[PDB]
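Encoded as C-alpha cells, the following chain is the form deposited without the named molecule, with no partner shown.
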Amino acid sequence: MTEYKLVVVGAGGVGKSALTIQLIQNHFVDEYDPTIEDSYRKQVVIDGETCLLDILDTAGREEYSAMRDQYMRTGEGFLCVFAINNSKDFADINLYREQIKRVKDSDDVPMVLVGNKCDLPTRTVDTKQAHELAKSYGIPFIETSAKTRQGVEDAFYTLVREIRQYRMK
C-alpha cells in the first residue's frame, strides 16, 4: 500500500470541503461549514493500485493564514481550488502557488489547478483563461462541480498520478 499526503488549498468558500466530501462520502454538502482544519485517512484504489490518501482540508478564510507553512511542509501534492466563474484575476491561485514553492524550496511541487462550481453560469473566456494559465504554469487544469460530481475523481486522481511521476523521476 502506497501513501500520498494530499492538501486542498484555496480561498474561502471555493468548494474545498465540498470536493473532498464528494470524494469520501458520495454526497454534495449544499451547506457551508467553514473549515479550520480537517484531516482524513482514506484507502482508495486508483488505476488498480491500493493507495492510502492522507487528505488535509484546509481553511481558506484569511483569519487562518498562519496555519499554511506547517501543512505546506508536510503536503506532497496540492489541489489549488478556485471558483471558475469568480477567478479573481488568479490572485489567490498565484499566492498559494508561490507560498508552496517557497516553503518546499522547489519549483516542481505536484499541483493541480481545480476550477470548481462549473455547474453555475460560467463564461467561455474564464474556462479558456484557466486552461491557458495551467499551460503557462506546466500543471494540469481540471474543471469540477462538487454539486454534480463532474471532475471530482479526475482532480484527486490526477494529483496522485503526478506524485507517482515525481517519485519515479
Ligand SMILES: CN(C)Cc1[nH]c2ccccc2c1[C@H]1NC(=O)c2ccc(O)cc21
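Heads up: residue numbers just count along the shown sequence, starting at 1.
- Here 11-19 and 154-162 are compared by their mean Cα B-factor, and 154-162 comes out higher.
- Of the two segments, 86-94 and 68-76, the one listed with the higher mean B-factor is 68-76 (C-alpha atoms only).
- Per the deposited coordinates, the residue with the largest Cα temperature factor out of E49, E143, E31, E132 is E49.
- The residue among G60, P121, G115, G138 whose C-alpha atom has the highest B-factor in the PDB entry is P121.
- The entry lists a Cα temperature factor for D105 that places it in the highest third of the chain's modelled residues.
Another form, the form solved in complex with the named molecule, is not on view; read the next lines as being about it.
- A residue is said to contact a partner when one of its heavy atoms sits within 4.5 Å of a partner heavy atom; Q129 fails this definition for the named molecule in the entry with it bound, lying far away.
- Of the heavy atoms in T124, none are within 4.5 Å of the named molecule in the entry with it bound.
- The named molecule in the entry with it bound is not approached by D105, whose heavy atoms all lie more than 4.5 angstroms from it.
- Under a 4.5 angstroms non-hydrogen atom cutoff, the named molecule in the entry with it bound has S39 among its neighbouring residues.
- At a distance of at most 4.5 angstroms from the named molecule in the entry with it bound, none of the three residues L113, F141 and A155 contributes a non-hydrogen atom.
- Taking the named molecule as positioned in the entry with it bound, the residues of 1-27 that bring a heavy atom within 4.5 Å of it are, in sequence order, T2, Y4, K5, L6, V7.
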